[PDB]
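Read the single chain below, which is given as structure tokens and is the form deposited in one PDB entry.
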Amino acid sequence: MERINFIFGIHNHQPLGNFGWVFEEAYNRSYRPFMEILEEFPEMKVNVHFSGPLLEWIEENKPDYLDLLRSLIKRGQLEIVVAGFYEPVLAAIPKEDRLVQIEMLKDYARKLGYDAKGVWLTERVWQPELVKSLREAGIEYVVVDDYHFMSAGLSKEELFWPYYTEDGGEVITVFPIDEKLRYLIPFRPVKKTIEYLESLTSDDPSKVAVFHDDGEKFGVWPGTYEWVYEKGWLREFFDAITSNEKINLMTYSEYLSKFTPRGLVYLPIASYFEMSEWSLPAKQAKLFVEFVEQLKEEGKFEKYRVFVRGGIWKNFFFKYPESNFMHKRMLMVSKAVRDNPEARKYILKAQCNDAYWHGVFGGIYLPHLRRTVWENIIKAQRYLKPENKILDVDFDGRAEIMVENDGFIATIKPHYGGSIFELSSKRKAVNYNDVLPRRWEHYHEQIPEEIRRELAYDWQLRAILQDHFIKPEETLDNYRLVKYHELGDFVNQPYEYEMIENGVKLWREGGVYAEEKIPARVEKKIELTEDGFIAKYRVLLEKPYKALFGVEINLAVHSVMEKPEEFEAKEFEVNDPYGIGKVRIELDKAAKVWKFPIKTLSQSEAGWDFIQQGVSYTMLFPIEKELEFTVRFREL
């Protein structure tokens, strides 16, 4: 009967902030061999997308590769597919930024000798209004998953054709990635794809099956290089796929030049299926996984998958407050910097998606990806005149206080212990509080014993200047892990405040609960200094009681494999060369200092990830009725 049309595509992306060797390995393990083997089969057509940073790393290091890509473009073997230059999730960035981001990559594709008409949707996060944006960028089609169509209401059998979708009276074509093909290519034996595709043929000559996935699958992921190249899966596939008379190879643009989309369809906010799991808060994700697994155990997943639903990507901002804070801070700067091309480039770089969420790849859990985002938010903001302001930054209904001078930007949350949640250095372009609290992930609970004994989950968010109250006999380990007895209620409770020149005055009428409620009061005077900040404390208990007042300061120390340690100190220094650099904490009175790394257990593509997201430093001072001291943070 009719031949089945087949579209083959890959997506190559490397996030800003990745280690140098990671790009190098991805190139020698996948980007290069894949294209070298592609050149051996003149009839093979591939639809490829390269993220901007990747193309820049390649220009600087592997120039010859680009001539190879130009050559393959010229012989009709490659269609260049674009997206936002720095791989941002389009739906999560200002519409104005979407245009500039896409146009930057279209300019690059143009330099390779191709007029890009298609967009690879980053993390396939779809929102109806993206039609307007893509259309203004001159994009005629976007790639999405078959799952998006199933969520709209269509069955898999009507997903072997692209469709139109509209919004604002504007339309754009949409191609669905066949989930089956993602399963088959390239990990299942070659003949399995040939068999699956041959079975799709019909009397409709426009029918088409689409495969589009991570290029990293062809060499980078563990065990794939041996499978794809050493054992020859790719050469065997290119040979079979270009010989089969029932399978017609073509690029997206080629398909559209010969067949018109099947019809009109509307899509919901969705992503590829796997994202439904991760984008859910921990507790629900576990349930979701249970449901999905219990559907396969009862062999009824296939006929009922079209009705399974989970979370949406944007809710990572709910799951991870730190990501939300980071995101809203960048939206804030993007707007204020929109008219300054130089400053704006930094904010566009900050929109690289990877550090804002967590699925299987570390993402937000990788400190180096996170500091890169902050680094860029800070550099973009440094162009603005410093100004103090009170406003709800992360939209939780409780205004933040932003104090700033020529060298720093501090964000205080009165509602949460009157602590500093952001201490950004304009000189180092780092956020000293670029840390993450320890949380349970639905995939926890197999974890080895060594890591198990070090696992602990926080109940407190982690910031700078968090006021504690503990028993004199309390131990570090108890505190290190989350066992210790917290006597005060000032860590996660609101404080009143008063604005003062160069700072803020906060105080809280709380209490010290032990055997009875001993009402207490905490007063803290925080002022910005040219090299950090100074905080003057005054703790007062209504009635005598022997305890230890503690001021905790969390820091994004990342290159200092620190370990539990306690010592007496009036002043101490921290040296984190690859992280926050050098800083010094000065007290006007010796204190007991407890120090411990904030350890997180994370899921990755290559085993567990037990990462130090920072180090907690908490100065203890004995108190019975009255207490007074000063803590000064100094940037060196």
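Note that the rigid core is defined as the largest set of C-alphas that superpose within 1.5 Å between two forms. Residues that one form lacks are left out of the comparison. Residue numbers run from 1 along the displayed sequence.
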Exercise for review: For the stretch from residue 298 to residue 299, please bin the deposited residues that the model skips: none, 1 to 3, 4 to 9, or 10 or more.
Suggested key: none
Revision key, fill the gap. Looking only at C-alpha temperature factors in the entry, 174 to 182 or 482 to 490, the higher average sits in 482 to 490
Study note, to complete from the structure: Entry B factor averaged over C-alpha atoms, 453 to 461 against 98 to 106: higher for 453 to 461
Exercise for review: From the list 549, 237, 440, 365, select the residue with the highest C-alpha B factor recorded in the entry.
Suggested key: 549
Exercise for review: Select one of 605, 56, 43, 64: the residue whose C-alpha shows the highest B-factor in the crystal structure entry.
Suggested key: 605
Check your understanding: With respect to C-alpha B-factor, does residue 193 fall in the lowest, middle or highest third of the chain as deposited?
Key -> middle
Check your understanding: Looking at the C-alpha B-factor of residue 48, is it in the lowest, middle or highest third of its chain?
Key -> lowest
Practice item. Among all modelled residues of this chain, ranked by Cα B factor, put residue 17 in the bottom, middle or top third, i.e. lowest, middle or highest. Key: middle
**Study point:** Position of residue 70 among the chain's modelled residues by C-alpha B-factor, lowest, middle or highest third
**Key:** middle
Study note, to complete from the structure: Here the Cα B-factor of residue 621, set against its chain, lands in the third termed highest
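Keep in mind that the form deposited in another entry is missing from the display, and what follows is about it.
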Point to revise | Residue among 112, 220, 265, 194 whose Cα moves 2 Å or more between this form and the one not shown, once the rigid core is superposed | key: 194
Exercise for review: Would you mind telling me if residue 156 and residue 191 are closer or farther apart in the other form than in the shown form, C-alpha to C-alpha, with a 3 Å or larger change?
Suggested key: closer
Exercise for review: Based on a C-alpha change of 3 angstroms or more, tell me if residue 156 and residue 195 lie closer or farther in the other form than in the shown form.
Suggested key: closer
Check your understanding: Once the rigid core is overlaid, which residue runs, three or more long, move by 2 Å or more at each CA between this form and the one not shown?
Key -> 187 to 200
